[PDB]
Structures are given as structure tokens and as C-alpha cells.
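*Asks:* My questions will all concern the structure given below.
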Amino acid sequence: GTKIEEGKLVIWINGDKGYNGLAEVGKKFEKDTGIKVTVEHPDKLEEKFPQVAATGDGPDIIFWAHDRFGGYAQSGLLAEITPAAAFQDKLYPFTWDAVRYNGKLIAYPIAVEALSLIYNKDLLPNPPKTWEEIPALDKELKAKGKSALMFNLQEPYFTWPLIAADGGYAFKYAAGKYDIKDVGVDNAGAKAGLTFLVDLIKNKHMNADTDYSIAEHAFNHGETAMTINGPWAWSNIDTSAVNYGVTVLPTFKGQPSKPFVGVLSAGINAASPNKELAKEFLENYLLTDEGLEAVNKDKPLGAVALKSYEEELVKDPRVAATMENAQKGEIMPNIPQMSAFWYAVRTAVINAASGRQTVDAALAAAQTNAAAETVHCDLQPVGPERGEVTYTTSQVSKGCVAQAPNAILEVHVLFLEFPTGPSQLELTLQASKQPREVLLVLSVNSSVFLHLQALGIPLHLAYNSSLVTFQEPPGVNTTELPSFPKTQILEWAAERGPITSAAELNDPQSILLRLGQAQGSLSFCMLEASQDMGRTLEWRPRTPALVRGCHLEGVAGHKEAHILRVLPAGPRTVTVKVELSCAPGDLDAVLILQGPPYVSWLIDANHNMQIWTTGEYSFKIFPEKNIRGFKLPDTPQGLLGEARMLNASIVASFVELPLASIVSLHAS
Ligand SMILES: OC[C@H]1O[C@H](O[C@H]2[C@H](O)[C@@H](O)[C@@H](O)O[C@@H]2CO)[C@H](O)[C@@H](O)[C@@H]1O
Ligand SMILES: *[C@@H]1O[C@H](CO)[C@@H](O)[C@H](O)[C@H]1NC(C)=O
């Protein structure tokens, strides 16, 4: 995972999309502006983004169907989109409606996705028009060693068209609003579609464990005559020798299959310093005939939101079929509750298809699990002038800690990466309790002025003399760092001695390295993503956390709530420093500290404020006096509600951080 860096763009998009073409567009944008663009497709990126954006990192731009973005915007994780009317006129209005949340545009619409029925012409010159005739057809095809239909059953998105065919829906829309207390997952028609699916699996016309890979591999090799998929899937079929047609989904109970219409959208991370660059890229490069053509060449986008290129794409009969099915379905709601809904429906379908539940029990349960938490406010990013949060953590982008029994020399490796320009770094090596000599290998990404503190350590240095400049240089204990890739640097260093710790740090402001603190028993040091270095390494990153806040409506008086939520495995004391500036002589404020059960809080504040925490807390002035905490809500909205209970009209600070040792908050 590439961290955010000012002057560059990170982009997340699902692994089934045309990220190759999108990266091509990024190479164009880089050529023009000199801004590099890194496109990646992490697994479950839609569930990862909300957690990662709150820490300040994550992609500058996230690509996903609109249904999720509402959630993100409720948590204050997306910047407001303010395109010029001239640009707004270039895309269809309804695609803008998809990205409308509380009157604000939260993303850019890209494409319009809808599932279609893909069939093999050689196997099925005349594909059935109804679900009901599929079984009778699968008998005939199984006689020939084939199957009628195979599509992904592990995601409710693919099976929804049949559930919704009769009276099935997610959230009823009326009076210009979605009613979150009205859900149509457990109704009769949904039960009928899902019961017909369960009847297909029950008769061995489909395999309950079939997934995306199984269905794609099966259809591309001619094992099955039919599959259900979206535009993105046509490319891999083109490579295959299969002669395929793309047409309207079958009817169920005489009614057309209603797929959920998605709108591939690009949201701009509220933690991004490159917002203006992301708007430039999305508006003037990605959304053009050329850009959308480059992406669509890799993986078809379906119908694009951009009108000029849509007028060309509609000439594709496959896109025409996508539109035909989309016209019969329902654009997904974009509300924050959709996530929960999806989870529920998922576990329902699965459990109902595996036989663990009856359709009735599975769907009733779905209706109950879809219930979402109470929302107390819409969070909003807070600017630097209002508040700033800096912290020290033990977590690293990549890291490893290991023990070296009997080793006469131990090796520590640091892969340090910095943005453009000279950077300043403080590095301190802390001696272990007692003669073992140490090797420090530090490779740097740019020029760095370094304060190295190593006291009573028989230390050897390995670095680049041209990039690293010392405030206090040593004369003799130095080795010129060879220019290898990182893995080869690790092996080169291992040729001198075993590696006890290694870490890749992005734009570190300060670093502390503790010798002889090796945790557990691990003899080989292997880099793992998002590793917790424990006591071995503690560093202060330069990028600050994402601070958020809001106003709690219907709450009298002026009372500020400052919330810090530490994210999740042993007893840990988090130091929390609070500096409130321009605070009135008498200020009513509360500090809410939420974290796992194993976290104690050590509080130091320049102001006298209420204290509301989990676990236990102690003031920095009274180390050994322990005050037991309360049981606090786990969710962000839960904590906001706890703030409302405390008569807080204004949430001044809201921060979410992982595995933090020290946390300094500042608010004015
Ligand atoms: O199944 C739950 C899932 O449904 C939708 O995800 C789609 C997505 O819209 C398509 O672009 C493509 O990636 O297929 C996905 C299903 O595998 C929702 O957009 C998503 O929020 C939800 O998790
Ligand atoms: C530092 O590394 C990051 C990612 O590895 C890269 O984007 C950036 O350009 C590098 N800095 C320099 C000065 O090359």
C-alpha cells in the first residue's frame, strides 16, 4: 500500500475493473503535470477506506459504486465536490444525483453498471426468457456434460436481480427520502425469488459454493452455457475463444429481473492534501473521450456518465444490453445504512443457500441485522487553523522484529521515504541492558539532515554519503550503502549479521529504536504489512491525523466534546496531551477517550475538563492513582451519542488512530 504524499496521487479501485487503463491515464497525467499516479486494487477496499482515511493515509481518490459513499460522507471522510457549471453540464444529471448526499456532491460519477445475462451462442443460440425454464434446460445440458447457469452466489449483488424481481427492495423511497425503518428484504416477493434460488441449488442445478472465479472460469472454458456479470467481465471473455452474447436477464413470475444499478464513482479523500490535483485529474483527464476510452479498452465500464463518449459507447450492443437491464432495475440508495444492509443480505443468502437457515428465518434475520445505529450528526473535516493532532505510534507500513540468539552482531534496517525536498529527521538508538556490536543500515528516498543519537552503542553505519547529512557526524564507523532493491539490501545486510528489526517508514519526523526489546520468539525477520513493532520501534510521522467535528442539534448551551478513538494486543498505556488555546476563563469541555479493553489512558491537559474513558485513566500528575473508566459505545456514532448525553452541543475534535503511544491534540 502506497501512503499519501503531497505532490502525488494514490488511487484505489476494485480488482475487477480496468485499473490498467486507469493507470495509463495516470501516466498521461504524470507526463503533463509531473504528478505521479499510483493505481492499486486492495481486497475489500470499500471496507478498508473508512478505517484508513481517519488515520490520515489511504488513497487520494477511491473508486467504487456510489452506494457506499454516503457512509464515507457521514463520517466526514470525503471532500465536497464543487465543479464548474460548465463541467456539470458534461455529465448526465441522474449520475450527479447518485453522488448527492445531504445536498452536497461527494464524488464524481464515472460509469453506470448493471448486471446482464451472458450466454454462449454455440451452446445456447436461443437463451431462455424466464428463470423457471432454466432447470428443464439444465437437465438437457447436463446430459451433454455441461451446466445451464453458473454465477457468483457469494455476493448478494449478483443474486439480487431475482430477489427484487417480485416486490423485493432495500429501502423504500417516498416523500423525497429513503425510509430506513422500511425494508423489503423479508417480504413475500423477496422470499419467492430467494426460495426459487434455494430450489435451484436444492435440485443441484447450481452449486452453493460457486463464486466469481468458479463461474468465470466455468463460462470461459465452455463448461456452462450461461453466467451473470457486468461490463468489466466482457474483456476476459474476449480473450477466451467463447462466442458469447449479452442480453436481458430472465423474467421471474412473469416480472423482469431488477438488478441494482451502480454508478462507478470517484471520491476525493478528505485526508488528501492533493484535493486540487485530484479534481484536475478527474475533471480534465479521466472524464474525457480519451480517458474513458483508455479505461474501457482494459475493462468495459458499461455506460459512462460522460455524454460525449456515451454517444459513442451506446453503439456497442453489449452496452445497449447493459442499459436495457439497468432500465428495469433500481439505482442503489447511497445512504450510510447501505453497508449494514449489504452485510445482512449477504449472510442471509449464504445461510439460506447453505441450508443452515430457512428462507423465512434467513430473511427475517436479514431484516433485523440490517438495522443501523442511530446517527447523531454528520461529521465534517476540520481545518488546521481549528485543530491539529500529532501522535507517535509503534505501527509501520512494513516491519519485522526478530530475536538473534548467540549473535555477536545484530543488524537493524530502516527504509525511510520522504516527499520532494530536503527533510529533517531525529533518530535515536536506545542501548539494551547488559557488549554486542550493532549495524544500522538506513536507506533514504531523498536528501535528509539527520540527528543521530547512539550512546554507548558499538555502532556501525551503512548509508549514502551524498543523501544523508549529519548534525553530528562520526568519522570512521561508516560503510557506503550499495544501490540495490530493498529485498537485496536486506540480504546484503544479513550477510553481515542477523536482522533483529526492519521497518519502512513514510516521511518520519522522529524515530526511536530500542535494542534488545525483541518481542515473542521469532528468529527470522520478515517484512509484514502494517506490522506492530511493539517496544522495538516508536516513531512520530509527519502527516497529521484527520481531525473531524460537528454540531449536535437540539443541545442547549456551549459545551465542547473532544473525542479520541484508539483502534485495535496487550496492556498499553496511551499518553494523551491536550492543549486548548484561546479557551475562556470558564470553559465547559469533556475529553472522551475510547479504546480496546487493554488500553489505559495517561492524561495531560492544560485545562480542567471532564473525563470520559474506557478501561482506566490516570493523570500525568498522579501516575499511580488509577480511576476506573466506563463502558463506552464502540462506534463513532455511538461516541457522538455519548457526547450528546453529556450535554455537548459541539464536537470540536474527533480522531481515530491505531496503536498509538503518545497523542498530542491541539484545538483553538
Ligand atoms: O454484494 C455487495 C456489494 O454490492 C455492490 O458491489 C458490486 C459493485 O457495485 C460492482 O461495481 C462490482 O464491483 O461488483 C460488486 C459486487 O461484487 C455494492 O456496490 C457494494 O457496496 C456491496 O459491497
Ligand atoms: C519517496 O517514495 C515515494 C513512494 O515510495 C515516492 O512517491 C516519492 O517520489 C519518493 N520521493 C522521492 C524524492 O523520490
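Scheme for the C-alpha cells: letters A, B, ... for chains in order shown; per-chain residue numbers from 1; ligand numbers from 1 in order shown.
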Kindly provide the residues of chain A that approach ligand 1 to within 8 Å, each paired with its closest atom pair and their distance in Å to one decimal, based on only C-alpha atoms and all ligand atoms, listed by chain and increasing number, as a Markdown table.
*Replies:*
| residue | atom | partner | partner_atom_place_in_ligand_line | distance |
| --- | --- | --- | --- | --- |
| A:14 | CA | ligand 1 | 13 (O) | 6.1 |
| A:15 | CA | ligand 1 | 13 (O) | 8.0 |
| A:16 | CA | ligand 1 | 13 (O) | 6.4 |
| A:17 | CA | ligand 1 | 13 (O) | 7.5 |
| A:46 | CA | ligand 1 | 21 (O) | 7.1 |
| A:64 | CA | ligand 1 | 11 (O) | 6.5 |
| A:65 | CA | ligand 1 | 19 (O) | 4.6 |
| A:66 | CA | ligand 1 | 19 (O) | 6.8 |
| A:67 | CA | ligand 1 | 19 (O) | 5.6 |
| A:68 | CA | ligand 1 | 21 (O) | 5.3 |
| A:113 | CA | ligand 1 | 11 (O) | 6.5 |
| A:154 | CA | ligand 1 | 1 (O) | 7.9 |
| A:155 | CA | ligand 1 | 1 (O) | 4.2 |
| A:156 | CA | ligand 1 | 1 (O) | 4.4 |
| A:157 | CA | ligand 1 | 1 (O) | 3.8 |
| A:158 | CA | ligand 1 | 1 (O) | 6.8 |
| A:230 | CA | ligand 1 | 12 (C) | 7.5 |
| A:261 | CA | ligand 1 | 9 (O) | 7.8 |
| A:262 | CA | ligand 1 | 9 (O) | 5.2 |
| A:263 | CA | ligand 1 | 9 (O) | 7.4 |
| A:264 | CA | ligand 1 | 11 (O) | 6.4 |
| A:338 | CA | ligand 1 | 21 (O) | 7.4 |
| A:339 | CA | ligand 1 | 21 (O) | 6.6 |
| A:342 | CA | ligand 1 | 2 (C) | 5.6 |
| A:343 | CA | ligand 1 | 2 (C) | 7.6 |
| A:346 | CA | ligand 1 | 1 (O) | 6.9 |
*Asks:* Using the selection just defined, write its residues with N, CA, C and O atoms as a compact mmCIF listing (two decimals), in the first residue's frame.
*Replies:*
# COMPACT_ATOMS: atom_id res chain seq x y z
N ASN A 14 -11.59 -1.30 -7.46
CA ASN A 14 -11.81 -2.72 -7.27
C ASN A 14 -10.98 -3.53 -8.28
O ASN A 14 -10.68 -3.06 -9.38
N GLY A 15 -10.62 -4.74 -7.88
CA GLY A 15 -9.75 -5.59 -8.68
C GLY A 15 -10.38 -6.12 -9.95
O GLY A 15 -9.66 -6.67 -10.79
N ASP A 16 -11.69 -5.97 -10.11
CA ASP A 16 -12.38 -6.43 -11.31
C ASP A 16 -12.52 -5.33 -12.36
O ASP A 16 -13.13 -5.58 -13.41
N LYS A 17 -11.97 -4.15 -12.12
CA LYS A 17 -12.13 -3.01 -13.01
C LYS A 17 -10.91 -2.86 -13.92
O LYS A 17 -9.98 -3.67 -13.89
N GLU A 46 -13.46 -1.18 -0.04
CA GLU A 46 -14.59 -0.39 0.43
C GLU A 46 -14.72 -0.45 1.95
O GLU A 46 -15.12 0.53 2.58
N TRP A 64 -15.45 3.49 -6.46
CA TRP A 64 -16.41 2.46 -6.09
C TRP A 64 -17.80 2.92 -6.49
O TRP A 64 -18.04 4.11 -6.73
N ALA A 65 -18.72 1.97 -6.57
CA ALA A 65 -20.12 2.30 -6.78
C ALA A 65 -20.61 3.27 -5.70
O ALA A 65 -20.14 3.24 -4.56
N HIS A 66 -21.57 4.11 -6.08
CA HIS A 66 -21.97 5.23 -5.22
C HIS A 66 -22.56 4.76 -3.90
O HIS A 66 -22.53 5.50 -2.91
N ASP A 67 -23.12 3.54 -3.85
CA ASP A 67 -23.90 3.12 -2.69
C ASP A 67 -23.14 3.28 -1.38
O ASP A 67 -23.75 3.48 -0.33
N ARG A 68 -21.81 3.19 -1.42
CA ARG A 68 -21.01 3.25 -0.20
C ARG A 68 -20.68 4.67 0.23
O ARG A 68 -20.52 4.93 1.43
N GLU A 113 -23.18 0.89 -14.07
CA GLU A 113 -23.02 -0.55 -14.12
C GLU A 113 -24.36 -1.24 -13.88
O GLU A 113 -25.17 -0.78 -13.07
N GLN A 154 -21.76 -15.80 -3.77
CA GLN A 154 -21.19 -15.33 -2.52
C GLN A 154 -21.44 -13.85 -2.26
O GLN A 154 -21.23 -13.40 -1.13
N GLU A 155 -21.85 -13.10 -3.27
CA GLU A 155 -22.16 -11.69 -3.12
C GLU A 155 -23.64 -11.45 -3.40
O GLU A 155 -24.13 -11.87 -4.46
N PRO A 156 -24.38 -10.79 -2.50
CA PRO A 156 -25.81 -10.57 -2.76
C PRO A 156 -26.08 -9.70 -3.98
O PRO A 156 -27.21 -9.70 -4.48
N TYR A 157 -25.08 -8.97 -4.46
CA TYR A 157 -25.26 -8.12 -5.63
C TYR A 157 -25.69 -8.95 -6.83
O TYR A 157 -26.55 -8.52 -7.61
N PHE A 158 -25.13 -10.15 -6.99
CA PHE A 158 -25.39 -10.96 -8.17
C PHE A 158 -26.73 -11.68 -8.10
O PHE A 158 -27.36 -11.91 -9.14
N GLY A 230 -21.16 -8.25 -15.14
CA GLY A 230 -21.21 -6.88 -15.58
C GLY A 230 -20.24 -6.59 -16.70
O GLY A 230 -19.49 -7.47 -17.14
N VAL A 261 -28.61 -1.00 -9.96
CA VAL A 261 -27.80 -0.19 -10.87
C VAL A 261 -26.77 0.56 -10.04
O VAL A 261 -27.12 1.35 -9.16
N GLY A 262 -25.50 0.29 -10.31
CA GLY A 262 -24.41 1.01 -9.68
C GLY A 262 -23.91 2.13 -10.57
O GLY A 262 -24.10 2.13 -11.78
N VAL A 263 -23.27 3.11 -9.93
CA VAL A 263 -22.65 4.23 -10.64
C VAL A 263 -21.21 4.29 -10.16
O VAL A 263 -20.93 4.84 -9.08
N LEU A 264 -20.29 3.74 -10.94
CA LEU A 264 -18.88 3.84 -10.60
C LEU A 264 -18.52 5.30 -10.39
O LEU A 264 -18.71 6.13 -11.29
N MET A 338 -26.51 1.56 3.96
CA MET A 338 -26.39 0.53 2.94
C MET A 338 -25.39 -0.53 3.35
O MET A 338 -25.67 -1.73 3.23
N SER A 339 -24.23 -0.11 3.86
CA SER A 339 -23.26 -1.08 4.34
C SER A 339 -23.96 -2.14 5.18
O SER A 339 -23.92 -3.33 4.86
N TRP A 342 -26.14 -4.45 3.22
CA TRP A 342 -25.41 -5.43 2.44
C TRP A 342 -24.99 -6.60 3.32
O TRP A 342 -25.35 -7.75 3.05
N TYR A 343 -24.28 -6.30 4.41
CA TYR A 343 -23.86 -7.35 5.33
C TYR A 343 -25.03 -8.30 5.58
O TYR A 343 -24.96 -9.50 5.25
N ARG A 346 -26.12 -10.36 2.60
CA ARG A 346 -25.09 -11.34 2.31
C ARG A 346 -25.28 -12.56 3.20
O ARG A 346 -25.63 -13.65 2.72
*Asks:* Neighbouring residues of ligand 2 are defined here as those with any atom at most 12 Å from a ligand atom, counting only C-alpha atoms and all ligand atoms; list them as a short mmCIF file (atom, residue, chain, number, x, y, z; two decimals) with C-alpha atoms, in the first residue's frame.
*Replies:*
data_model
loop_
_atom_site.label_atom_id
_atom_site.label_comp_id
_atom_site.auth_asym_id
_atom_site.auth_seq_id
_atom_site.Cartn_x
_atom_site.Cartn_y
_atom_site.Cartn_z
CA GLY A 1 0.00 0.00 0.00
CA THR A 2 1.35 3.37 -1.11
CA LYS A 3 0.94 6.05 1.55
CA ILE A 4 -0.23 9.56 0.72
CA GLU A 5 2.46 12.06 -0.21
CA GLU A 6 1.92 15.72 -1.04
CA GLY A 7 2.51 16.15 -4.76
CA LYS A 8 1.29 12.69 -5.82
CA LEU A 9 -1.96 10.77 -6.27
CA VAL A 10 -2.87 7.36 -4.86
CA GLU A 30 2.08 12.42 -14.92
CA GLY A 34 4.76 15.73 -13.39
CA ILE A 35 2.47 14.32 -10.69
CA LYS A 36 2.93 10.57 -10.36
CA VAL A 37 -0.24 8.47 -10.11
CA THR A 38 -0.26 5.08 -8.37
CA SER A 397 3.88 0.37 6.72
CA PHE A 415 13.77 2.05 4.75
CA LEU A 416 12.97 5.76 5.01
CA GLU A 417 10.85 7.55 2.41
CA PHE A 418 10.38 11.31 2.15
CA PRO A 419 8.49 13.70 -0.15
CA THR A 420 10.27 16.06 -2.54
CA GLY A 421 12.75 18.41 -0.92
CA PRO A 422 15.18 18.24 1.99
CA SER A 423 13.84 16.73 5.20
CA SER A 443 18.43 3.74 3.07
CA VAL A 444 16.81 7.05 2.21
CA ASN A 445 14.45 8.16 -0.55
CA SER A 446 15.64 11.79 -0.69
CA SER A 447 18.09 14.19 0.94
CA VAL A 448 17.95 14.20 4.75
CA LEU A 467 21.94 11.96 0.65
CA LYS A 486 15.14 -3.22 -0.88
CA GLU A 504 9.70 1.01 6.13
CA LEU A 505 8.65 4.45 7.39
CA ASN A 506 6.99 7.13 5.26
CA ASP A 507 8.00 10.73 5.98
CA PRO A 508 9.04 10.08 9.60
#
*Asks:* Hey, which of A:317, A:399, A:273, A:475 ends up closest to residue 527 in chain A? Count only C-alpha atoms.
*Replies:* A:399
*Asks:* List the spatial neighbours of range 554-568 of chain A as a list in words - criterion: any atom at most 7 Å away, only C-alpha atoms, same-chain residues fewer than 3 positions off excluded.
*Replies:*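 So, after excluding close chain neighbours, the residues are residues 588, 589, 590, 591, 592, 593, 594, 595, 596, 643, 647, 648, 649, 650, 651, 652, 653, 654, 655, 656, 657, 658 and 659 of chain A.
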*Asks:* List as number ranges by chain the protein and nucleic acid residues near residue 347 in chain A, meaning an atom at most 12 Å away when only C-alpha atoms are counted, but skip any in the same chain fewer than 3 places from it.
*Replies:* A: 153-156, 340-344, 350-354, 356-357, 359, 361-370
*Asks:* Excluding same-chain residues fewer than 5 positions from residue 473 in chain A, what lies within 12 Å of it counting only C-alpha atoms, as a short mmCIF file (atom, residue, chain, number, x, y, z; two decimals) with N, CA, C and O atoms, in the first residue's frame?
*Replies:*
data_model
loop_
_atom_site.label_atom_id
_atom_site.label_comp_id
_atom_site.auth_asym_id
_atom_site.auth_seq_id
_atom_site.Cartn_x
_atom_site.Cartn_y
_atom_site.Cartn_z
N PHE A 449 18.68 15.71 6.49
CA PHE A 449 19.50 16.19 7.59
C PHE A 449 19.11 15.42 8.85
O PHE A 449 17.95 15.47 9.27
N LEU A 450 20.07 14.72 9.43
CA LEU A 450 19.81 13.69 10.43
C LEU A 450 20.49 14.04 11.75
O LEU A 450 21.67 14.40 11.77
N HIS A 451 19.73 13.93 12.84
CA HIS A 451 20.27 14.00 14.19
C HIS A 451 20.33 12.56 14.70
O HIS A 451 19.30 11.98 15.05
N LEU A 452 21.52 11.99 14.74
CA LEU A 452 21.72 10.62 15.18
C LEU A 452 22.23 10.62 16.61
O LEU A 452 23.28 11.20 16.90
N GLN A 453 21.49 9.96 17.50
CA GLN A 453 21.89 9.80 18.90
C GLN A 453 22.05 8.31 19.18
O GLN A 453 21.06 7.57 19.18
N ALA A 454 23.28 7.87 19.39
CA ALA A 454 23.57 6.49 19.76
C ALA A 454 24.61 6.51 20.87
O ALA A 454 25.79 6.75 20.61
N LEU A 461 27.62 2.13 10.79
CA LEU A 461 26.64 2.80 9.96
C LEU A 461 26.77 2.31 8.52
O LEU A 461 27.86 1.97 8.06
N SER A 465 26.38 8.57 1.52
CA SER A 465 27.03 9.79 1.99
C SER A 465 26.49 11.03 1.29
O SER A 465 26.56 12.13 1.85
N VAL A 468 22.61 11.70 2.99
CA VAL A 468 22.49 11.89 4.43
C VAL A 468 23.55 12.88 4.89
O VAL A 468 24.74 12.70 4.63
N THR A 478 31.63 3.83 9.26
CA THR A 478 30.69 4.03 8.17
C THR A 478 31.02 3.13 6.99
O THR A 478 32.18 2.84 6.70
#
*Asks:* Which residue gives the smallest distance to residue 290 in chain A among A:209, A:24, A:579, A:528, with only C-alpha atoms counted?
*Replies:* A:24
